[PDB]
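Taken one at a time, structure 1 and structure 2 that follow are two forms of one protein chain, written as C-alpha cells.
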Structure 1
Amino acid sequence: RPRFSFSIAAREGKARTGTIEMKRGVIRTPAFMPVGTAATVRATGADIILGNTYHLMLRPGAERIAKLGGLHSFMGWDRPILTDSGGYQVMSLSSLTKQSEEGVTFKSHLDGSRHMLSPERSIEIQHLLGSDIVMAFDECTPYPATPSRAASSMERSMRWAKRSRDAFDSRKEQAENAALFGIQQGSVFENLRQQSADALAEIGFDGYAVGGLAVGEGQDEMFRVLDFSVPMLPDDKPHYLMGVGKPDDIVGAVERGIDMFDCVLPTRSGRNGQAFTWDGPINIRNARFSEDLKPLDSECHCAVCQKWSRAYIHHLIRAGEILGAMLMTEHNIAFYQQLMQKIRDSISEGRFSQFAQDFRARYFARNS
C-alpha cells in the first residue's frame, strides 16, 4: 500500500468519485468521516474516522494517548484516522486565547496547566495521536469578517501552513507514513481565496481543505464560495470541505467538486431529537410519531431501523431514556454513510445529475 494515492475513477461535471489509498486502508470518495470515540454493518460503516485534537489534548492528553499506542489503539480502529489541527478552536474559543505570529496560547487552568498551539506543536500533537491524515495549523476566520480581517487572518494562516509543512517533513516517521493537508482560508472573498489557494499549491500538500465555512453563513453563501473556491485547488488532489454539513449541503458540495466531509450534525441532531431520512429531517418528538409503526426511514439498512419504530424512539425520548438519543444518533451516522454510497454509485453510473435532482425533490417534499 502507498503512503497516499488519490485516484479518480469517474467524473460528472465537477463531481468526482474515486479512492484514497493509504497504508492503513482505502477511503472511498466522496467520503463522510465521523468523529471517532474511545472503544467501549458494512453498508453503514466509514473508511476513516476523526480525532478531535483539541478535546484529546485536554483529555486525556496527547502524550497519554501516545503511550497507550495512539488513537488507533484508543479508538480500537486500525483503518485511517484524520486529526484536526486546532485551527477551529482558535476561533471558537478565541476569548480564552492570546494570538501572535508564533501561535495561540490558551488561558492557564486553575491547576497551573497551560496549553499552546502553533504549527510546530499542532503537528507534534497530531503525530503523538498517531494520525494518518494531518491538518495544517490554521485559523478558521470568524464569520462574518471584514475584508481586512479576512486578509490578515488568511495571510497568517498561509505562513502557518508553510511552518506546518516543514514541521511535518522534519519527522521522518510522520513524513513517511502519514499525509498532510493544507487549509484554504479567505472568508467569502474570491481574491483572498485565490491568494490562499496559490500559497498552498506553492508549498505543496497531499490534499487541500476548504476551511472557514460551516460557520453560520447559510447554504446559498456556502455554495457561492465553493463555486469559485474549489476550482482554485489542484484538480488531481483530494478536496476536503471542513464541517459540512446537512445531507443537501453534502449533495451540492459534491456537485461543486468536494471529496471529503465531516459534520457535527449527525450527533448533535440525534441528541436533540432530529433524524435524517430520504424524505427530509424529522423531529421524532412530534406527536405524529407517537403511534407511527415505521422505522425512522423505510429504506435505511442501519441496525436501528431493522429493529426500532418511530413510536418506540418517540416514547423512549419522551420517557427520558437516553437509549432514545443513542438510537437517533446511530441511525444518523449510518444514514450519512448510505448517502455517500448512493452519491458514489451515481457518479460511477454517470447519473449523478439525475440523482441530485431526485434526491432534492424527495428530501424537500418531506413526505415522511
Structure 2
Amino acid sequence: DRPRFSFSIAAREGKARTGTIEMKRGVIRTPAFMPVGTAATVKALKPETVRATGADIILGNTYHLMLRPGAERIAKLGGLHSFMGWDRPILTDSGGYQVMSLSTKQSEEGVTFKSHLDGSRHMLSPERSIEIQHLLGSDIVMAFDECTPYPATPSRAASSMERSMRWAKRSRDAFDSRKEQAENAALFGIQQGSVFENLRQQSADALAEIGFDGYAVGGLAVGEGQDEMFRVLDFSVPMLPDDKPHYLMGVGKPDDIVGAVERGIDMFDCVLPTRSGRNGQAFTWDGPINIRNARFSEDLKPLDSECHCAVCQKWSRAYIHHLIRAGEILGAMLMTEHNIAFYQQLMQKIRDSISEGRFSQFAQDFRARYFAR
C-alpha cells in the first residue's frame, strides 16, 4: 500500500533542503542521520532504543555481513530486518570500500580478497554485491563502487572513476533483473572523481544517464580535511540531479554535517557517535567531552543539560565517567544512546530550521556555541 521510494522536498534554504523519503517500511525525514549497524547490530543498542532516539533508517555493512553470518544464512533466517529485529528501512553499503580497506586483486570483473577474520578467499563484483544486498533484504541498495585513490594523479583518478561508472551500470542492470528487489527497494549510485571538478562532472553525468533513486558523494573524508571536503562539495553536489536525495557517505562530526547540509546533502552515516561513545567521547551542544577525564568524577549534571535523551534524564556524568573507566558495558550503552540521540536531535534542529527558513541563523548559532566549548 505504501510507495517503494518517493522523495518530496518540503522546503529549501539556499542549497539546503528538508523533506521525506517514503518507503514500504517507513518514512525517512531528511536531512537524515543513519546509525551504523555493522554486524547486524547498532553497537550496544536494542533496535527499540535506536528508534527511541529518533532514527528512521540504519546502515548495514555488506562486507562484514557476507563474511559473518553470511548473506545466504541471513536470507534463510528471514532477512536482515527479522534477524536483527529492526522493521524500518535499512541501507546497505556495497562492500566495495571495505574490501579495499579492511582486507586483494582488482580487475574489471570485481575484486577478489582475503577475509580479515580467517584469510579465506572471496569475490565481490557489481552482480554479487547486488545479490548479497538482495539476500539481506535491504531497502536502499548501494551500487558497487571503487573509492577513487587519494592522493592520486588526475589520470589514475579518472580511470578509477570510469571503472566505478561501468560498475554502476552493471549494478543498475543486476538490480533491475531481480523483480522483487526492483519493486520493493531503491538503488543509489555513487559519484567519484576525487577532488577533481571535471571528473566529478563526468561521474555525475554518467550516473544521471544510467538513472538512480538517489546519488551519493563518495570518496570523501579520506584524509583531505574539512576545508577541502567542503570545497569539493561546493561544486559536486550541484552536479547531481536536484530532485533526488544526496547522500554523503562516512560523514561525520556535527560540524561536518551542518556544513554539508548547507551544501545540499540530505543523508549521512558515520561510525563516530557509536565508536567514540564506546571510547568515552560524548557529543554536547558545547562540543565534545571526554567523559573519562578527571574533571567529571563528581559532576552530577547529565552529559548535556539540554539533551532530551533518556540517559540525560536519569544518569550523571560522574556515574558514566565511573562506568567507562571501569570498562563496564553499561557505560558503552549509555554513551552510545546519548550520542545517537544527540545526532538525531541535531538532525531535527536542522530539519526544523530549514523548514522554518532560519537554517542560516541556526548554523551560525550552532557553530559559535559548539566551538566555544
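Between two forms, the rigid core is defined as the largest C-alpha subset superposing within 1.5 Å. When a residue number appears, read it as a position in the sequence of structure 1, where counting begins at 1.
Trainee: With the core superposed, a Cα shift of 2 Å or more between the two structures singles out one residue among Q219, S298, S170, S108. Which one is it?
Mentor: Meeting the 2 Å or more criterion is only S108.
Trainee: After superposing on the rigid core, what is the C-alpha displacement of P144 between the two structures, in Å?
Mentor: Displacement of the alpha carbon, after core fit: 2.0 Å.
Trainee: After lining up the core, report the Cα displacement of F228 between the two structures in Å, one decimal place.
Mentor: Reported C-alpha shift between the two structures: 0.3 Å at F228.
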